[PDB]
Visitor: 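Here it is, the structure, as structure tokens.
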Amino acid sequence: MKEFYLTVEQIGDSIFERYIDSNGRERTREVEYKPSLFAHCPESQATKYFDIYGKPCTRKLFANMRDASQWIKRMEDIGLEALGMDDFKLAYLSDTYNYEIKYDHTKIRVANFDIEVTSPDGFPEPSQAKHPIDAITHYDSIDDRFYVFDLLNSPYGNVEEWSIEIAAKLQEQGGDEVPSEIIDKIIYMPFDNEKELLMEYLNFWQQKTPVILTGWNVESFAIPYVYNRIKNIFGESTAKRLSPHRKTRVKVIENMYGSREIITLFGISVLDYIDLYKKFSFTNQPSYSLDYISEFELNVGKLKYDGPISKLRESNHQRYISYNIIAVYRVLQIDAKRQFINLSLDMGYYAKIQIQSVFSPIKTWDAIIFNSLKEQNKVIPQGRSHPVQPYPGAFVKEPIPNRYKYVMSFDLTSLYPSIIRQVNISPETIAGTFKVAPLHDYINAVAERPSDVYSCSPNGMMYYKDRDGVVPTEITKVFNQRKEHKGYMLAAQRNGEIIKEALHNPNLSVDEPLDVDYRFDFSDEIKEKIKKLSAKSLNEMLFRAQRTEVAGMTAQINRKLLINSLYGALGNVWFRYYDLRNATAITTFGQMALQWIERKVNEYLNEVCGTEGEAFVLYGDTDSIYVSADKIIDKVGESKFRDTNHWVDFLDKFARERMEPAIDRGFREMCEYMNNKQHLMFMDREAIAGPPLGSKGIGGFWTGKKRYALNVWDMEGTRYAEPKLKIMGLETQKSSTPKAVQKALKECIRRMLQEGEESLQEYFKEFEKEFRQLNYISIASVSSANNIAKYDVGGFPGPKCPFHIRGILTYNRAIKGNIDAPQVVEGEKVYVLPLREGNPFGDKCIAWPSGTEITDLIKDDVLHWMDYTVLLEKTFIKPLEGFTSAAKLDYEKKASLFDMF
DNA sequence: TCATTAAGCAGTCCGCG
DNA sequence: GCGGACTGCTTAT
Ligand SMILES: Nc1ncnc2c1ncn2[C@H]1C[C@H](O)[C@@H](COP(=O)(O)OP(=O)(O)OP(=O)(O)O)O1
Ligand SMILES: [Ca+2]
Ligand SMILES: [Ca+2]
Ligand SMILES: [Ca+2]
Ligand SMILES: [Ca+2]
Ligand SMILES: [Ca+2]
Ligand SMILES: [Ca+2]
Ligand SMILES: [Ca+2]
């Protein structure tokens, strides 16, 4: 096989590399890598190295990396550009792996671990590590085994061995329901003292040294705790054995309002799964406890135990250990679904970076671009210092608040990366500037043509047309990869809808799910077989289809994220190719493009309907437009349609055969106007929305910018078995909104869009009557909790104290003295509830850590003093009044003349 | 929450005769 | 009460 790196580090004048050799063996080497950097040199000197602007460079070969680093400094002292890759390990990887890396994940040791620490006096601080580690579960991807290190003897209690037999039993038998598919994969090791446990763990670690190290909060808790505990017990040199190169560093993580300390293990790639989840999942969750995320992702039930976690080991050690094993497994189950490890390896090896650098699009793109240029013997510029400056973004149209019955939306494919490619926007393709007219003048095609030579953006920037810049070239490659995975995702989605239809008529038989690739549209034969399957098989197939769709979603949306972040990096001062001219050239071009096509679509439709000045485009945001289709439907007349699917077909056909060609013509004209390199403005029909045929549903509504709801029948070629609510920005979509209120508001919207005013009034009336029964957690608001200290004045709200912070302070007084009650953690999330006048807490609200039950001694008081009236008005009625006043509907029946009888 | 602009709403503080 | 100046937080893109 072709070799690939596993990890790479720089330690002084040495590169330390762990790699897979041509035989599949993991190896490690120390290499005295001699880096090269570059300086400009006279034109009259023969060279093969040129900077990105075509200026000649001389290569400087250094005896060692420290010499290269010192040279960079002296070049700053002289005031001359020191060119080339200054991150020497990236240069090492580029020299060592000078081909497209083909990796084999089955050779990469992925470790997933979790530790338990019994602590009576509150949260066990990883920097102190004053309490024994009493359980470690460490899953190894190469062995496919869960290694369980169990401490039987502690200052906090001596316990019996964990029993695998009881762990396997159902909870109804007194067991722990450890999933049977992992029972045989458990290797259990009990220890009668902590020192031998940790010593054996380190020997184990040495034998099976993680390459990828993951788990849940392992970077902030598990790793620093293990490291510091071993340090406290044995000394530093022993703790450093967690690094295969025996080097570690306490790294300070600086945010906006303070800092925390992580341990950097040289030669390990730490990908904390919480951090992967936050970056790649595209969710915002009310809580990030493993129980909460597990329930959300896998629909598995919460890990149930009596009493505090600090008493679980002594009271029920059996369950203590089993829950530790399950926690590690749940992360593996999340990854099996979401596939973020796979994604990280894909991206990491593509860019030729340390795998942990996938969190940084700036680092990722710096390495892609460097490797690309190096192939042509071109030399990257030195990174420079820049002040942070604001710059303009996307255009968002102000919509008229209203109901909108029939809506068809159109959308530009991967807009900003398409703009980069169309205009040819790159650091080295800048050709000059032109005198800019007001944007309006370009939108309306009255401004002078910017250039007859160069490719232009309406911000005044001109670009070369003779050859692609490195940014357009490299963005296209990832764009094309994305397209492939998006294809699989959509096929899987369309396949899901076929199964859902079939499920309406399941066959009474015993059979099996079909062995099929869900990434490809089902053949006619597969469709025929599906129509004969039982519910059991169909549901299994549905689960598999939806799993395939999720996998495709991960692959496509995060490739989209990486390419959009290249645009974003152009506006980040730390990016090597930071340039606000280029960042603004993209956004301004986008502003023109959207408003240009709004004008074109209006003109086209006014033409077909024989009108003038009618506004068909009701809304747009960045890259997409929403067109009122009422007049199109009215032109054939509703009574002419057989069913809903009939007008959806008609609108689908009108969009594809009439509107898309007109939209294309508009954009091709715009391309010529800006003299762009290549026409890449591809705007296709996105959504078809409207009420069910012959219903009183309103179909859709806008309340404002970034706030709307549509009843969608077809989305990007997926024809849904059941209409799907597309709701953007409204309270149903916000993590801050109580769970039960999201649900209620969503049902209110469903009724508005599908059934109409009367149905909405029925539901509202019932919700208002019953809501006081809802579980307190489900009706709690959620908020992140920053700067608690800032607003804490002697335990009371200081000036300008936010409502949620006030709640936390109330909570802190209620639990005062109690080290055992959960503390609210700065920067994490809290549930928030209002409190009625004259309550014992002495304030108008209380807040406690999210994803948790509030502590028992104050729970009964919270439940007794909860202000349901304020809760209802703030979270439910206020937003609903916003939806209904926009839609010109009443959520409560107005009095009529019929009330006389 | 270490990690690539537009614009909405909640809430504080305070003016608005 | 609302709405502007402002902080805080959270979405859409
Ligand atoms: N997370 C982000 N970071 C930077 N720019 C973004 C981000 N999300 C969106 N944008 C910008 C760049 C996008 O091209 C543009 C419109 O985004 P969006 O509507 O999500 O889809 P898209 O047009 O980029 O891709 P698609 O092909 O899926 O439509 O807005
Ligand atoms: Ca735990
Ligand atoms: Ca788009
Ligand atoms: Ca699209
Ligand atoms: Ca059937
Ligand atoms: Ca869009
Ligand atoms: Ca098209
Ligand atoms: Ca009480």
Side-chain angles (χ1 to χ4, degrees), chain A residues 219-220 251-262 264 270-272 274-276 278-280 282-284 286 288 356-366 390-398 411-412 414-416 560-575 577-578 580 583-584 586-588 590-591 594 619-624 703-708 726-737 781-787 790-791 797-807 825-830 832 834 844-845 874-875 878-879 882:
Chain A
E219 191 177 72
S220 49
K251 190 179 187 172
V252 48
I253 302 298
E254 299 181 36
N255 62 39
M256 205 143 52
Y257 308 103
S259 64
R260 54 181 187 94
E261 314 232 278
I262 72 157
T264 298
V270 175
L271 306 179
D272 198 335
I274 193 165
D275 293 326
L276 293 172
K278 286 172 182 180
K279 184 182 188 62
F280 298 131
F282 290 85
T283 66
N284 200 1
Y288 288 88
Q356 67 269 36
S357 288
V358 295
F359 287 111
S360 174
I362 290 167
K363 183 57 83 164
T364 307
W365 280 116
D366 195 41
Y391 76 90
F395 170 75
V396 187
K397 184 179 174 75
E398 194 71 70
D411 177 70
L412 282 144
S414 181
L415 180 60
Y416 284 15
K560 164 180 170 180
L561 174 67
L562 177 62
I563 59 177
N564 289 343
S565 300
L566 180 52
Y567 146 72
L570 294 169
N572 182 295
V573 296
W574 299 103
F575 193 39
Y577 311 99
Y578 172 77
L580 249 29
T584 303
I586 296 154
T587 63
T588 307
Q591 288 217 20
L594 198 66
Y619 183 69
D621 186 342
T622 310
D623 70 314
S624 75
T703 85
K705 289 184 182 174
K706 296 180 193 279
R707 280 185 69 88
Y708 62 98
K726 181 185 176 68
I727 306 161
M728 308 308 311
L730 307 186
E731 280 72 17
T732 56
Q733 313 308 112
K734 305 170 81 168
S735 60
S736 44
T737 300
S781 294
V782 179
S783 190
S784 300
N786 303 308
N787 280 295
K790 176 196 263 181
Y791 295 102
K800 259 285 194 75
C801 183
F803 192 82
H804 60 289
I805 302 303
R806 178 181 293 272
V825 178
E826 167 67 15
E828 284 191 33
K829 288 187 198 190
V830 296
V832 183
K844 60 168 176 183
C845 62
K874 294 203 303 195
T875 67
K878 201 167 192 283

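Each chain gets a letter, A, B and so on, in the order the sequences are listed, and its residues count up from 1.
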Visitor: Apply salt bridge (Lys or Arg N to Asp or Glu O under 4.0 Å) to A/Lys363 and list each qualifying residue two or more places apart in sequence or on a separate chain.
Guide: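 With neighbours one apart ignored, the set is A/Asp87.
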
Visitor: Heavy atoms under 4.0 Å, any strand shown: does A/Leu570 hit a base, just sugar-phosphate, or nothing?
Guide: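 Nothing, no nucleic acid heavy atom in range.
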
Visitor: With sequence neighbours left out, write down each residue that passes side chain to side chain contact (heavy atoms under 4.5 Å, CB included) with A/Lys790, or none if nothing qualifies.
Guide: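 By the side chain to side chain contact (heavy atoms under 4.5 Å, CB included) rule, A/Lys790 matches A/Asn787.
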
Visitor: Indicate whether OP1 or OP2 belonging to B/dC9 is found under 4.0 Å from a side-chain N or O atom of A/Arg707.
Guide: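 Answer is yes, contact under 4.0 Å.
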
Visitor: Looking at every strand, decide which applies to A/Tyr391 at a 4.0 Å heavy-atom threshold: base, sugar-phosphate, or nothing.
Guide: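 Sugar-phosphate only.
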
Visitor: Is A/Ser357 close enough to B/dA3 that one of its side-chain N or O atoms is under 4.0 Å from OP1 or OP2 there?
Guide: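 Checking A/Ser357 against B/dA3: no side-chain N or O falls below 4.0 Å of OP1 or OP2.
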
Visitor: Do the ring planes of A/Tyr391 and A/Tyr567 sit parallel (below 30°), tilted (30 to 60°) or perpendicular (above 60°)?
Guide: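 Ring orientation of A/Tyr391 relative to A/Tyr567: perpendicular.
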
Visitor: OP1 or OP2 of B/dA10 sitting under 4.0 Å from any side-chain N/O of A/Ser736?
Guide: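 No.
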
Visitor: Which heavy atom of A/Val252 sits nearest to which heavy atom of A/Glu261, and what is that distance?
Guide: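 Closest approach of A/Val252 to A/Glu261, heavy atoms only: CB-OE2, 3.7 Å.
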
Visitor: Report yes if a side-chain nitrogen or oxygen of A/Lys251 is closer than 4.0 Å to either non-bridging phosphate oxygen (OP1 or OP2) of B/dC2; otherwise report no.
Guide: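 No, A/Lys251 has no side-chain N/O under 4.0 Å of OP1/OP2 on B/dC2.
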
Visitor: Would you classify A/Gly827 as touching base, sugar-phosphate or nothing, given that sugar-phosphate means primed atoms plus P, OP1 and OP2, and contacts are heavy atoms under 4.0 Å?
Guide: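 A/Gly827: base contact, heavy atoms under 4.0 Å.
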
Visitor: Under the convention that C1'-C2'-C3'-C4' above zero is north and below zero is south, what is the pucker of C/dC6?
Guide: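 Positive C1'-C2'-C3'-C4' torsion, north pucker.
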
Visitor: Atom pairs under 3.5 Å, N or O on each side, protein against nucleotides 12-16 of chain B: can you list them with distances?
Guide:
from	atom 1	to	atom 2	distance (Å)
B/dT12	OP1	A/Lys844	NZ	2.8
B/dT12	OP2	A/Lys844	NZ	3.4
B/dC13	OP1	A/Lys800	N	2.8

Visitor: How is A/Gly568 classified with respect to the nucleic acid when contacts are heavy atoms under 4.0 Å: base, sugar-phosphate, or nothing?
Guide: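 Answer is base: heavy atoms of A/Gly568 come under 4.0 Å of a base.
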
Visitor: Which of these nucleotides, B/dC9, B/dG8, C/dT10, is closest to any side-chain atom of A/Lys705?
Guide: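 The answer is B/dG8.
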
Visitor: Using a distance-only criterion (donor-acceptor N/O pair, under 3.5 Å, no hydrogens), is the base of B/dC2 paired with the side chain of A/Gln356?
Guide: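 Flag unset: no donor-acceptor pair detected.
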
Visitor: Please indicate the pucker of B/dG8, north or south, going by the torsion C1'-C2'-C3'-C4'.
Guide: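 North, since the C1'-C2'-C3'-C4' torsion of B/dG8 has a positive sign.
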
Visitor: Reckon A/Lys790 touches a base, only the sugar-phosphate, or nothing at all at heavy-atom distances under 4.0 Å?
Guide: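 Sugar-phosphate only.
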
Visitor: Would you mind telling me which residue lines up with the more 5' stretch of DNA chain B, A/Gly704 or A/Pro390, judged by nearest nucleotide?
Guide: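 Result: A/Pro390.
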
Visitor: Residues in ring pair (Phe, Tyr, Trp, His ring centres under 6.0 Å) with A/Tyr577, at least two apart?
Guide: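 Per chain and number, A/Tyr577 pairs via ring pair (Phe, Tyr, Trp, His ring centres under 6.0 Å) with A/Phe575.
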
Visitor: Tell me if the side-chain of A/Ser735 makes a donor-acceptor pair with the base of C/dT10, cut-off 3.5 Å, by modelled atom types.
Guide: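 Per atom types, no contact qualifies.
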
Visitor: Bend across the helix from B/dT5-C/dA12 to B/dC16-C/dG1, to 10°, with axes taken over 5 pairs at each end?
Guide: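 Its terminal axes enclose an angle near 30°.
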
Visitor: Nearest-nucleotide wise, let me know which of A/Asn284 and A/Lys363 is further upstream toward the 5' end of DNA chain B.
Guide: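 Counting from the 5' end, the first nearest nucleotide belongs to A/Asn284.
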
Visitor: With sequence neighbours excluded, tell me which residues meet salt bridge (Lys or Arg N to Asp or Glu O under 4.0 Å) with A/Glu731.
Guide: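 Expected list: A/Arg707.
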
